[PDB]
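Some notes on the structure that comes next.
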Amino acid sequence: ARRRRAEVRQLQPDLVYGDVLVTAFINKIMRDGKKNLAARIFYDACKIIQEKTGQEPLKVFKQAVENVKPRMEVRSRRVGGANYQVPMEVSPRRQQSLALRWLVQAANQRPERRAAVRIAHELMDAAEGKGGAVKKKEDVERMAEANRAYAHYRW
Amino acid sequence: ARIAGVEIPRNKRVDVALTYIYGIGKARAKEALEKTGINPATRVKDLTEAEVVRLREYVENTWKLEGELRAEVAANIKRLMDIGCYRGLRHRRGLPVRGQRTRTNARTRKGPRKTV
Amino acid sequence: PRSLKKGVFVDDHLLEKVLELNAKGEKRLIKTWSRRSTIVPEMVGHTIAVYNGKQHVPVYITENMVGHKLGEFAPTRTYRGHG
Amino acid sequence: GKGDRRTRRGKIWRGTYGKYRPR
Amino acid sequence: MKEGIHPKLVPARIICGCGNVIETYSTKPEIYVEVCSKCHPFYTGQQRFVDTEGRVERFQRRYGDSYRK
RNA sequence: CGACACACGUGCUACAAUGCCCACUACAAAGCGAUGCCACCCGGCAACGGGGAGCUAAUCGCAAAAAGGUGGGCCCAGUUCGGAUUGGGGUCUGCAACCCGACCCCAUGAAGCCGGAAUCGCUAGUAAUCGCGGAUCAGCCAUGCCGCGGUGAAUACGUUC
Ligand SMILES: [Mg+2]
Ligand SMILES: [Mg+2]
Ligand SMILES: [Mg+2]
Ligand SMILES: [Mg+2]
Ligand SMILES: [Mg+2]
Ligand SMILES: [Mg+2]
Ligand SMILES: [Mg+2]
Ligand SMILES: [Mg+2]
Ligand SMILES: [Mg+2]
Ligand SMILES: [Mg+2]
Ligand SMILES: [Mg+2]
Ligand SMILES: [Mg+2]
């Protein structure tokens, strides 16, 4: 907005692992405000991921996000008769916002049939380093570096 | 056409699979299955030759179906189109019959819009 | 459609006309405003010049059209199409 | 669903009760 | 007939849907069927299954000729 | 005023699995109600019909809310997706449902696999989504309108445009 710096909504940490991060993800899961539904497919996916990976999946998705955290994206700046994909040091709040938006985005991409299935499977790969979830980031951070000629136009 | 007048798919539940038969719907599904006492959960593929006919037979002599079923509603209309009542003209043109809208919508008896 | 507990409703006036010719001597060219009035099995043969807002369309009835109403053979619209 | 009739929700949709929404 | 190019015909037993056993010859020692002419309406005199209606409508009606005269 | 080869606007439902169905189990509000609200009983698969108790209404009724949950089914199909269309079969109201009412049941199940150029809303209990009341009203083509609550996000660097 035009006034001052907007505020950051601090969420109510989840009721299972005691984390606000978890509380954040279910939201993206949560469609039509169906928290119970969303809260399920998550802790459900948290089950399949456990069975196929016997390490506390809390850490799993604690990892698979940093792997998703993009460090540099591009943003279009149209100085004069042209718009420049001026890349900028992505912001923290946004990075979580960015990582929190393709896993599901890439999970919903996934072909397997059940919700908790997909959501989980995207959780693992990023913990390893595989999947379109890492794709966006990967593609994003290098187009920027593929445009490192505009950093002086930064902001 | 293992089923009177048509071959129903398989690997699917009898009760449902009958709907792939003109004039055979859900409301008529349980009926025969009830009349034939054939559990609707068992798949047609998994059926018994005796069941097949029982579920075949009874279904074959209590209603109309498919061919002779399309055979009725046509004349029922053609007569209309002969006597030329309002539902006749609505069919004599291909227009709505049940007081439906004509300035727009009704794009199901008009089919895709035709250019001008 | 019209209830069955409520019998076939005819205008009664449109109704006397027809039975007045069914035995006394049919038929003549009546000009009914009755469209509500169902067609009836003493009316076949007759030439009920039913009305439709502007004129009386003759429609000689037959043993293939009665269960309907007189509003179902005198069109109110004339539509030879567009263009 | 909401538009369909031979269903609870479709009838719930249009505030009627029948063979699939029994009072 | 030239040997080797013709499907051999042998005794054939056709099986109607109405128990009609057709003792014939053909290319399949066994064939069942939906209908036999011996069970077809057009053949079976005038078996009009369901609609032997008689065209009562519409000059029938007459639930009630209860209307004055 | 409901026409109808067309050309826009505002919605309903959707095109599915974070889904459809069947059954079972809880949770609102603000309202409305006397040839009104309709308990409970019974007929019918039903709309509804017929009996009948109660309420000038913080009693009594409409009345159940739905999303939800607990179970079972549907295994990726133009399908148990969609309910357009049409035939057939009636109700109910009304003097009268033919153009022209809606509610019930059967069978048919059309287009549609997220939609070009272009464009709309919303910043917190908001958008999203579930359903419920009332006024208008014999019935009402209401997906409307005004209201009512239920569950419940994302995001705002910044002001160049
Ligand atoms: Mg069929
Ligand atoms: Mg007479
Ligand atoms: Mg359906
Ligand atoms: Mg007007
Ligand atoms: Mg258009
Ligand atoms: Mg529009
Ligand atoms: Mg279909
Ligand atoms: Mg089709
Ligand atoms: Mg097509
Ligand atoms: Mg504002
Ligand atoms: Mg009212
Ligand atoms: Mg409403």
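By convention here, the chains of the structure tokens are called A, B, ... in the order presented, each chain's residues are numbered starting at 1, and ligands are numbered starting at 1 in the order presented.
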
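All residues within chain C that the backbone DSSP calculation assigns to strand (DSSP E or B) are residues 38, 50, 51, 56, 57, 62, 65 and 69 of chain C.
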
- Please write out the residues within 9 Å of ligand 9 as a PyMOL selection string, counting only C-alpha atoms (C1' of nucleotides) and all ligand atoms. chain F and resi 78+111-112

- Task: Could you give me the residues within 10 Å of ligand 10, counting only C-alpha atoms (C1' of nucleotides) and all ligand atoms, as a ChimeraX atom specification?
- Result: /F:122-123,126

Could you take the residues named above and write them with N, CA, C and O atoms (P, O5', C5', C4', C3', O3' and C1' of nucleotides), as a PDB file, in the first residue's frame?
ATOM      1  P     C F 122     -13.548  -4.209  -4.670  1.00  0.00           P
ATOM      2  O5'   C F 122     -13.104  -4.988  -3.356  1.00  0.00           O
ATOM      3  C5'   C F 122     -14.068  -5.612  -2.522  1.00  0.00           C
ATOM      4  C4'   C F 122     -13.477  -6.784  -1.782  1.00  0.00           C
ATOM      5  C3'   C F 122     -12.157  -6.518  -1.077  1.00  0.00           C
ATOM      6  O3'   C F 122     -12.324  -5.895   0.181  1.00  0.00           O
ATOM      7  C1'   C F 122     -11.989  -8.516  -2.319  1.00  0.00           C
ATOM      8  P     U F 123     -11.064  -5.239   0.926  1.00  0.00           P
ATOM      9  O5'   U F 123      -9.937  -6.361   0.834  1.00  0.00           O
ATOM     10  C5'   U F 123      -9.921  -7.460   1.738  1.00  0.00           C
ATOM     11  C4'   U F 123      -8.956  -7.219   2.870  1.00  0.00           C
ATOM     12  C3'   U F 123      -9.087  -5.853   3.540  1.00  0.00           C
ATOM     13  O3'   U F 123      -8.795  -5.967   4.930  1.00  0.00           O
ATOM     14  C1'   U F 123      -6.913  -6.087   2.659  1.00  0.00           C
ATOM     15  P     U F 126     -16.100 -11.763   7.515  1.00  0.00           P
ATOM     16  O5'   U F 126     -15.803 -11.469   5.979  1.00  0.00           O
ATOM     17  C5'   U F 126     -15.961 -10.163   5.450  1.00  0.00           C
ATOM     18  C4'   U F 126     -14.746  -9.722   4.674  1.00  0.00           C
ATOM     19  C3'   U F 126     -14.449 -10.483   3.391  1.00  0.00           C
ATOM     20  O3'   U F 126     -15.223 -10.004   2.304  1.00  0.00           O
ATOM     21  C1'   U F 126     -12.443 -10.121   4.635  1.00  0.00           C
TER      22        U F 126
END

- Message: For a quick test of understanding: name the residues of chain F lying within 8 Å of chain A when counting only C-alpha atoms (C1' of nucleotides), and present them as JSON, numbers by chain.
- Response: {"F": [17, 18, 128, 129, 151, 152, 153, 154, 156, 158, 159, 160]}

Could you write out the selected residues, including N, CA, C and O atoms (P, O5', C5', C4', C3', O3' and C1' of nucleotides), as a PDB file, in the first residue's frame?
ATOM      1  P     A F  17      -9.535 -34.460  -9.158  1.00  0.00           P
ATOM      2  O5'   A F  17     -10.628 -35.043  -8.157  1.00  0.00           O
ATOM      3  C5'   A F  17     -10.890 -34.412  -6.906  1.00  0.00           C
ATOM      4  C4'   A F  17     -10.628 -35.353  -5.757  1.00  0.00           C
ATOM      5  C3'   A F  17      -9.186 -35.839  -5.646  1.00  0.00           C
ATOM      6  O3'   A F  17      -8.871 -36.080  -4.275  1.00  0.00           O
ATOM      7  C1'   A F  17     -10.608 -37.685  -6.041  1.00  0.00           C
ATOM      8  P     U F  18      -7.493 -35.532  -3.657  1.00  0.00           P
ATOM      9  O5'   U F  18      -7.957 -34.550  -2.493  1.00  0.00           O
ATOM     10  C5'   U F  18      -9.056 -34.877  -1.648  1.00  0.00           C
ATOM     11  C4'   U F  18      -9.758 -33.638  -1.147  1.00  0.00           C
ATOM     12  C3'   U F  18     -10.402 -32.775  -2.229  1.00  0.00           C
ATOM     13  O3'   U F  18     -11.554 -32.118  -1.697  1.00  0.00           O
ATOM     14  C1'   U F  18      -8.761 -31.516  -1.101  1.00  0.00           C
ATOM     15  P     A F 128     -15.655 -14.513  -3.151  1.00  0.00           P
ATOM     16  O5'   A F 128     -14.995 -15.843  -2.576  1.00  0.00           O
ATOM     17  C5'   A F 128     -13.827 -16.391  -3.168  1.00  0.00           C
ATOM     18  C4'   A F 128     -13.535 -17.769  -2.634  1.00  0.00           C
ATOM     19  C3'   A F 128     -14.745 -18.659  -2.408  1.00  0.00           C
ATOM     20  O3'   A F 128     -15.216 -19.261  -3.601  1.00  0.00           O
ATOM     21  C1'   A F 128     -13.326 -18.766  -0.522  1.00  0.00           C
ATOM     22  P     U F 129     -16.790 -19.306  -3.912  1.00  0.00           P
ATOM     23  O5'   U F 129     -17.302 -20.571  -3.093  1.00  0.00           O
ATOM     24  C5'   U F 129     -16.587 -21.797  -3.124  1.00  0.00           C
ATOM     25  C4'   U F 129     -16.876 -22.621  -1.898  1.00  0.00           C
ATOM     26  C3'   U F 129     -18.326 -22.624  -1.443  1.00  0.00           C
ATOM     27  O3'   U F 129     -19.147 -23.520  -2.169  1.00  0.00           O
ATOM     28  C1'   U F 129     -16.958 -22.151   0.400  1.00  0.00           C
ATOM     29  P     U F 151     -17.808 -22.310  13.377  1.00  0.00           P
ATOM     30  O5'   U F 151     -17.019 -22.653  12.034  1.00  0.00           O
ATOM     31  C5'   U F 151     -16.706 -23.998  11.701  1.00  0.00           C
ATOM     32  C4'   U F 151     -15.839 -24.085  10.468  1.00  0.00           C
ATOM     33  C3'   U F 151     -14.555 -23.269  10.482  1.00  0.00           C
ATOM     34  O3'   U F 151     -13.506 -23.892  11.203  1.00  0.00           O
ATOM     35  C1'   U F 151     -15.661 -22.972   8.413  1.00  0.00           C
ATOM     36  P     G F 152     -12.244 -23.031  11.706  1.00  0.00           P
ATOM     37  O5'   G F 152     -11.716 -22.298  10.392  1.00  0.00           O
ATOM     38  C5'   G F 152     -11.001 -23.001   9.388  1.00  0.00           C
ATOM     39  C4'   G F 152     -10.836 -22.157   8.148  1.00  0.00           C
ATOM     40  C3'   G F 152     -10.120 -20.828   8.341  1.00  0.00           C
ATOM     41  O3'   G F 152      -8.708 -20.929   8.358  1.00  0.00           O
ATOM     42  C1'   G F 152     -12.126 -20.434   7.208  1.00  0.00           C
ATOM     43  P     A F 153      -7.838 -19.755   9.030  1.00  0.00           P
ATOM     44  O5'   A F 153      -7.775 -18.632   7.902  1.00  0.00           O
ATOM     45  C5'   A F 153      -6.531 -18.129   7.438  1.00  0.00           C
ATOM     46  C4'   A F 153      -6.164 -18.726   6.104  1.00  0.00           C
ATOM     47  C3'   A F 153      -4.964 -18.113   5.399  1.00  0.00           C
ATOM     48  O3'   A F 153      -3.722 -18.575   5.899  1.00  0.00           O
ATOM     49  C1'   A F 153      -6.734 -18.349   3.861  1.00  0.00           C
ATOM     50  P     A F 154      -2.434 -17.616   5.858  1.00  0.00           P
ATOM     51  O5'   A F 154      -2.326 -17.183   4.328  1.00  0.00           O
ATOM     52  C5'   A F 154      -2.095 -18.150   3.313  1.00  0.00           C
ATOM     53  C4'   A F 154      -1.939 -17.511   1.956  1.00  0.00           C
ATOM     54  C3'   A F 154      -1.012 -16.310   1.882  1.00  0.00           C
ATOM     55  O3'   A F 154       0.361 -16.651   1.849  1.00  0.00           O
ATOM     56  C1'   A F 154      -3.007 -15.807   0.750  1.00  0.00           C
ATOM     57  P     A F 156       3.827 -10.260   1.075  1.00  0.00           P
ATOM     58  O5'   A F 156       3.158  -8.850   0.755  1.00  0.00           O
ATOM     59  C5'   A F 156       3.460  -8.154  -0.445  1.00  0.00           C
ATOM     60  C4'   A F 156       2.824  -6.787  -0.468  1.00  0.00           C
ATOM     61  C3'   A F 156       3.098  -5.900   0.737  1.00  0.00           C
ATOM     62  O3'   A F 156       4.355  -5.248   0.677  1.00  0.00           O
ATOM     63  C1'   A F 156       0.790  -5.868   0.254  1.00  0.00           C
ATOM     64  P     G F 158       9.394  -1.350   1.852  1.00  0.00           P
ATOM     65  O5'   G F 158       9.305  -0.109   0.857  1.00  0.00           O
ATOM     66  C5'   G F 158       8.084   0.224   0.215  1.00  0.00           C
ATOM     67  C4'   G F 158       8.213   0.158  -1.286  1.00  0.00           C
ATOM     68  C3'   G F 158       7.596   1.316  -2.057  1.00  0.00           C
ATOM     69  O3'   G F 158       8.457   2.440  -2.120  1.00  0.00           O
ATOM     70  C1'   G F 158       6.943  -0.737  -3.042  1.00  0.00           C
ATOM     71  P     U F 159       7.858   3.928  -2.230  1.00  0.00           P
ATOM     72  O5'   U F 159       6.965   3.890  -3.548  1.00  0.00           O
ATOM     73  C5'   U F 159       7.540   3.557  -4.808  1.00  0.00           C
ATOM     74  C4'   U F 159       6.675   4.008  -5.962  1.00  0.00           C
ATOM     75  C3'   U F 159       6.193   5.458  -5.896  1.00  0.00           C
ATOM     76  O3'   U F 159       6.094   5.974  -7.224  1.00  0.00           O
ATOM     77  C1'   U F 159       4.336   4.026  -6.003  1.00  0.00           C
ATOM     78  P     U F 160       6.996   7.220  -7.690  1.00  0.00           P
ATOM     79  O5'   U F 160       7.269   6.935  -9.235  1.00  0.00           O
ATOM     80  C5'   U F 160       8.138   5.884  -9.628  1.00  0.00           C
ATOM     81  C4'   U F 160       7.928   5.468 -11.063  1.00  0.00           C
ATOM     82  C3'   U F 160       6.504   5.571 -11.600  1.00  0.00           C
ATOM     83  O3'   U F 160       6.186   6.871 -12.069  1.00  0.00           O
ATOM     84  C1'   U F 160       7.369   3.433 -12.091  1.00  0.00           C
TER      85        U F 160
END

- Would you list the contacts of stretch 15-26 of chain B as a PyMOL selection string, taking every protein, DNA or RNA residue within 6 Å and counting only C-alpha atoms (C1' of nucleotides), but skipping same-chain residues closer than 5 positions in sequence? (chain B and resi 40+65-66) or (chain F and resi 107)

- Find the residues of chain C in contact range of chain E, meaning any atom within 8 Å when counting only C-alpha atoms, and list them as an MDAnalysis selection string. chainID C and resid 7:8 12 15:16 19:20 40:41 44 62:67

Go through chain D and flag each residue having an atom no more than 9 Å from chain F; for those, report the closest pair of atoms plus their distance in Å to one decimal, using only C-alpha atoms (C1' of nucleotides), ordered by chain and rising number, as CSV.
residue,atom,partner,partner_atom,distance
D:1,CA,F:20,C1',7.7
D:2,CA,F:13,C1',6.8
D:3,CA,F:13,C1',5.6
D:4,CA,F:83,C1',4.9
D:5,CA,F:83,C1',7.6
D:7,CA,F:21,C1',8.4
D:12,CA,F:66,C1',8.8
D:13,CA,F:131,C1',8.9
D:16,CA,F:103,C1',7.2
D:17,CA,F:47,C1',8.3
D:18,CA,F:46,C1',5.6
D:19,CA,F:46,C1',5.7
D:23,CA,F:64,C1',8.4

- Pick out each residue of chain A that DSSP on the backbone tags as alpha helix (DSSP H); I need them as a ChimeraX atom specification. /A:20-29,35-52,57-66,92-99,103-109,115-128,132-145

- Task: Report as a ChimeraX atom specification the set of chain B residues whose atoms approach chain C to within 9 Å, with distances computed over only C-alpha atoms.
- Result: /B:79-80,83-87

- Item | Surroundings of ligand 6 up to 12 Å, based on only C-alpha atoms (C1' of nucleotides) and all ligand atoms, as a VMD selection string | (chain B and resid 104 to 105) or (chain F and resid 7 to 12)

Selection export as a PDB file, in the first residue's frame, atoms kept: C-alpha atoms (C1' of nucleotides):
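Output contents, as saved in part.pdb:
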ATOM      1  CA  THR B 104     -30.882 -16.907 -25.806  1.00  0.00           C
ATOM      2  CA  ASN B 105     -30.017 -20.185 -24.046  1.00  0.00           C
TER       3      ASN B 105
ATOM      4  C1'   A F   7     -24.511  -9.451 -30.473  1.00  0.00           C
ATOM      5  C1'   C F   8     -23.332  -8.016 -24.891  1.00  0.00           C
ATOM      6  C1'   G F   9     -24.265  -7.773 -19.424  1.00  0.00           C
ATOM      7  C1'   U F  10     -25.213  -9.946 -14.442  1.00  0.00           C
ATOM      8  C1'   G F  11     -25.706 -15.317 -12.118  1.00  0.00           C
ATOM      9  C1'   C F  12     -26.618 -21.170 -11.384  1.00  0.00           C
TER      10        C F  12
END

- Could you tell me, counting only C-alpha atoms (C1' of nucleotides) and all ligand atoms, which protein and nucleic acid residues lie no more than 9 Å from ligand 12, written as a ChimeraX atom specification? /D:14 /F:132-133,142-144

Keeping only N, CA, C and O atoms (P, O5', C5', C4', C3', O3' and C1' of nucleotides), write the selected residues to a file as a PDB file, in the first residue's frame.
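Result file again_30.pdb:
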ATOM      1  N   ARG D  14     -32.427 -27.249  -4.001  1.00  0.00           N
ATOM      2  CA  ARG D  14     -33.685 -26.636  -4.405  1.00  0.00           C
ATOM      3  C   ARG D  14     -34.803 -26.926  -3.403  1.00  0.00           C
ATOM      4  O   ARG D  14     -35.977 -27.011  -3.773  1.00  0.00           O
TER       5      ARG D  14
ATOM      6  P     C F 132     -30.796 -24.744   2.633  1.00  0.00           P
ATOM      7  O5'   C F 132     -31.027 -23.732   3.844  1.00  0.00           O
ATOM      8  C5'   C F 132     -31.453 -24.202   5.114  1.00  0.00           C
ATOM      9  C4'   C F 132     -31.532 -23.088   6.130  1.00  0.00           C
ATOM     10  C3'   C F 132     -32.554 -21.994   5.860  1.00  0.00           C
ATOM     11  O3'   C F 132     -33.884 -22.345   6.197  1.00  0.00           O
ATOM     12  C1'   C F 132     -30.508 -20.996   6.413  1.00  0.00           C
ATOM     13  P     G F 133     -35.106 -21.641   5.426  1.00  0.00           P
ATOM     14  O5'   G F 133     -35.137 -20.158   6.012  1.00  0.00           O
ATOM     15  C5'   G F 133     -35.352 -19.925   7.396  1.00  0.00           C
ATOM     16  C4'   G F 133     -35.532 -18.457   7.699  1.00  0.00           C
ATOM     17  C3'   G F 133     -36.617 -17.733   6.919  1.00  0.00           C
ATOM     18  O3'   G F 133     -37.918 -17.959   7.431  1.00  0.00           O
ATOM     19  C1'   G F 133     -34.651 -16.429   6.919  1.00  0.00           C
ATOM     20  P     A F 142     -36.845 -17.025 -12.181  1.00  0.00           P
ATOM     21  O5'   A F 142     -36.582 -17.536 -10.695  1.00  0.00           O
ATOM     22  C5'   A F 142     -35.469 -18.374 -10.399  1.00  0.00           C
ATOM     23  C4'   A F 142     -34.893 -18.069  -9.039  1.00  0.00           C
ATOM     24  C3'   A F 142     -35.530 -18.827  -7.879  1.00  0.00           C
ATOM     25  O3'   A F 142     -34.554 -19.038  -6.859  1.00  0.00           O
ATOM     26  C1'   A F 142     -35.894 -16.506  -7.598  1.00  0.00           C
ATOM     27  P     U F 143     -33.533 -20.274  -6.959  1.00  0.00           P
ATOM     28  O5'   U F 143     -32.154 -19.597  -7.382  1.00  0.00           O
ATOM     29  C5'   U F 143     -30.939 -19.931  -6.718  1.00  0.00           C
ATOM     30  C4'   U F 143     -29.742 -19.337  -7.421  1.00  0.00           C
ATOM     31  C3'   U F 143     -29.874 -17.860  -7.784  1.00  0.00           C
ATOM     32  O3'   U F 143     -28.588 -17.245  -7.734  1.00  0.00           O
ATOM     33  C1'   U F 143     -29.596 -19.129  -9.753  1.00  0.00           C
ATOM     34  P     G F 144     -28.330 -15.987  -6.768  1.00  0.00           P
ATOM     35  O5'   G F 144     -29.516 -14.985  -7.124  1.00  0.00           O
ATOM     36  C5'   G F 144     -29.666 -14.487  -8.445  1.00  0.00           C
ATOM     37  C4'   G F 144     -30.555 -13.270  -8.487  1.00  0.00           C
ATOM     38  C3'   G F 144     -30.341 -12.249  -7.385  1.00  0.00           C
ATOM     39  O3'   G F 144     -29.217 -11.417  -7.601  1.00  0.00           O
ATOM     40  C1'   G F 144     -32.649 -12.648  -7.638  1.00  0.00           C
TER      41        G F 144
END

- atom CA of residue B:38 to atom CA of residue B:70 measures 27.8 Å

- Task: Can you work out which one of B:27, B:82, B:110, B:51 has the shortest atom-to-atom distance to chain D, counting only C-alpha atoms?
- Result: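 Of all the options, B:27 lies closest to chain D.
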
- Restrict the distance test to only C-alpha atoms (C1' of nucleotides), flag each residue of chain B within 6 Å of chain F, and return the flagged residues as a list in words. residues 23, 73, 102 and 103 of chain B

Contacts between ligand 11 and chain F, please, where a residue of chain F counts if it comes within 9 Å (with only C-alpha atoms (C1' of nucleotides) and all ligand atoms); show its shortest atom pair and distance in Å to one decimal, rows by chain and ascending number, as a tab-separated table.
residue	atom	partner	partner_atom_place_in_ligand_line	distance
F:32	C1'	ligand 11	1 (Mg)	6.9
F:134	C1'	ligand 11	1 (Mg)	6.7
F:135	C1'	ligand 11	1 (Mg)	7.7
F:137	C1'	ligand 11	1 (Mg)	7.1

- Query: atom CA of residue A:154 and atom CA of residue A:9 are how many Å apart?
  - Reply: 27.4 Å

- Task: Just give me the gap between atom CA of residue E:29 and atom CA of residue E:2 in Å, one decimal is fine.
- Result: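 Atom CA of residue E:2 lies 22.0 Å from atom CA of residue E:29.
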